[PDB]
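Participant: Supplied in structure tokens, the structure appears directly below.
Protein chains in written order, with the deposited numbering: chain A, 2 to 230; chain B, 2 to 70, 73 to 108, 111 to 230; chain C, 363 to 368, 726 to 730.
If you want it as structure tokens, here you go:
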């Protein structure tokens, strides 16, 4: 039962053995029942972590490759190693994507959950776009944008920016516009419009939501300065 | 070629994911070459980290198990036993490599590989069960003994290997044998012997020797306390 | 007890 797998997931977290935490909540996905926000958060942490480890690896190898571009055979081998990372990273992403697409997004009833998963689909397609090239990149970027926009157009109706999942969307969506669409003016305009829509109510937030909101808004604000700089 | 394997190991180190590092340095070693001190250090970094993540996990999971008051505790146990079987598999994977290739092959090299054997038996000893817990610790103390003899005869007390013996061997004594007196004797001997060369140390190994001695000093404080 | 040793952003 998934009730056991929830504890198995928490166990796999505390060990820093996220692969098992993901493998648990993945089978919690295949239950077809609607995840509670606790499970949703666990699954997010799980695959965000498992991908993050490969993202960090990939960026490191990618940098090492670009540092040594004159080095011939060992540059070739560094590329072979790098691709031997990328294929892992991609497999993890296609996993989580198909899991969202065939269970969670089909099921998600809450506007909040709809937003969260449509965001998350966007994110993981971005993490693929960061990897991909060519028409693969084109298609993945397109479907990431589609997923974000679908979430964005929903959350704009369904959530104030006083709720952190909307800010999390606005942050990640803006990072997508800057980092992947190469659209820094679009990125800054999106980020700023989200932030100042948050400023308009920034003092109305509840005890946790203000912490959560402030924790995100400081990233919105700092990205805004990073990009305006 | 060994060189491209060593390079892929280095690359995996730089990427900071070590299982492919260890799994390459293994097949570097199966050539039966004497690992030079660089690939020797890479092999240690690799297997040490690959075990160290499991060690951390095990400590965490054992703590959670102790913090249990059920499927809950059973599950905590079953995950622990998975971790332990991983850690055992990896240690066996190292120890057989040393016995088959490395320990079969200089005093420094002898001492390094023998210490390493000792430590991997010690990390089994953290996890071991049944009467063979004795045979594990025995084979560790056997390796450390051959190491301590070779180093006390053929390593100046400046040598960081010779101190790494005493330090780990004392951790074995205190954590595995609960014999703080046995630990502190060897530790103080090594510490003061290094101080007999405190200014004779090499320009880098000053920091090495003093860091090893700081850890000696702190755990000497523990085991005397 | 112890022993021997060996700019963008998102959500």
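We treat Cβ as the ideally placed atom computed from N, Cα and C, and that holds for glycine.
Count the other C-beta atoms from every protein chain shown that fall within 10 angstroms of the C-beta of residue 87(B), then say buried if there are 16 or more, exposed otherwise.
Facilitator: Buried, by the Cβ-count rule.
Participant: Tell me whether residue 230(B) sits in a helix, a strand or coil according to DSSP, three-state version.
Facilitator: The answer is coil: DSSP assigns residue 230(B) none of H, G, I, E or B.
Participant: Counting Cβ pairs closer than 8 Å, one from the stretch 91–108 of chain B and one from the stretch 29–46 of chain A, do we hit at least three?
Facilitator: No, the stretch 91–108 of chain B does not touch the stretch 29–46 of chain A.
Participant: At a CB distance below 8 Å, what residues from the stretch 18–51 of chain A approach chain B? Give them in sequence order.
Facilitator: Under the 8 Å Cβ criterion, the stretch 18–51 of chain A contributes 18 and 21.
Participant: At a Cβ cut of 9 Å, what residues of the stretch 198–220 of chain A count as close to chain C, listed as they run along the chain?
Facilitator: Answer in chain order: 217 and 220.
Participant: For the alpha helix (DSSP H) that residue 126(B) lies in, which residues bound it at each end?
Facilitator: Its alpha helix (DSSP H) spans residues 112–130.
Participant: State the DSSP-derived secondary structure class of residue 88(B), mapped to helix, strand or coil.
Facilitator: Residue 88(B): helix per DSSP, three-state reduction.
Participant: If you measure beta-carbon to beta-carbon, which residues of the stretch 168–183 of chain B are closer than 8 Å to chain C?
Facilitator: Per Cβ criterion, the list reads 169, 172, 173, 176, 179 and 180.
Participant: Check residue 162(A) in the structure and name its three-state DSSP category.
Facilitator: Residue state, collapsed to three classes: coil.
Participant: Please confirm whether residue 170(A) and residue 196(A) have their CB atoms less than 9 Å apart.
Facilitator: Their beta carbons are not under 9 Å apart, which means residue 170(A) does not touch residue 196(A) by this criterion.
Participant: If you scan the stretch 173–228 of chain A from start to end, which runs of the alpha helix (DSSP H) of 4 or more residues do you find wholly inside it?
Facilitator: If we require 4 residues or more, the alpha helix (DSSP H) runs fully inside the stretch 173–228 of chain A come out as 185–200.
Participant: Looking at C-alpha atoms only, which residue of 54(B), 146(B) and 188(B) is the closest neighbour of residue 72(B)?
Facilitator: There are no atomic positions for residue 72(B) here, as chain B continues from 70 directly to 73.
Participant: Since I believe residue 26(B) is in contact with residue 10(B) (beta carbons under 8 Å), could you give me their beta-carbon distance rounded to a whole number of angstroms?
Facilitator: Right, the Cβ-Cβ distance comes to about 5 Å (below 8 Å), so this counts as a contact.
Participant: In or out: residue 275(A) buried (at least 16 other Cβ within 10 Å) or exposed?
Facilitator: This structure gives no information on residue 275(A), because the portion of chain A shown stretches from 2 to 230.
Participant: Reducing DSSP to helix, strand and coil, say where residue 140(A) ends up.
Facilitator: The answer is helix: DSSP assigns residue 140(A) an H, G or I state.
Participant: Answer with yes or no whether the minimum CB distance from residue 227(B) to chain C is below 9 Å.
Facilitator: Taking Cβ atoms only, chain C reaches closer than 9 Å to residue 227(B), which makes this a yes.
Participant: Please determine, among 134(A), 90(A), 76(A) and 229(A), the residue with the shortest C-alpha to C-alpha distance to residue 187(A).
Facilitator: Checked all of 134(A), 90(A), 76(A) and 229(A); the closest Cα to residue 187(A) is 229(A).
Participant: Among 159(A), 5(A) and 125(A), which residue has its Cα nearest to the Cα of residue 73(B)?
Facilitator: Looking at the Cα atoms, 5(A) is the closest of the given residues.
Participant: Give the single residue among 75(A), 68(A) and 91(A) whose Cα lies nearest to the Cα of residue 56(A).
Facilitator: Closest option to residue 56(A), Cα to Cα, is 91(A).
Participant: From the beta carbon of residue 136(B), is the nearest beta carbon of chain C less than 9 Å away?
Facilitator: Chain C contact via Cβ: absent.
Participant: Which same chain residues, not among the five before or five after residue 148(A), have their C-beta less than 8 Å away from its C-beta?
Facilitator: The residues are 119, 120, 122, 123 and 126.
Participant: For the alpha helix (DSSP H) containing residue 72(A), list its first residue and its last residue.
Facilitator: Looking at the DSSP string, residue 72(A) is not in any alpha helix (DSSP H), and its letter there is neither H nor E.
Participant: Taking a contact to mean a Cβ-Cβ separation below 9 Å, would you say residue 205(A) touches residue 163(A) in this structure?
Facilitator: Yes; because the gap between Cβ atoms is below 9 Å, this pair is in contact.
Participant: Among 219(A), 115(A), 37(A) and 201(A), whose alpha-carbon lies nearest the alpha-carbon of residue 153(A)?
Facilitator: The option with the nearest alpha carbon to residue 153(A) is 115(A).
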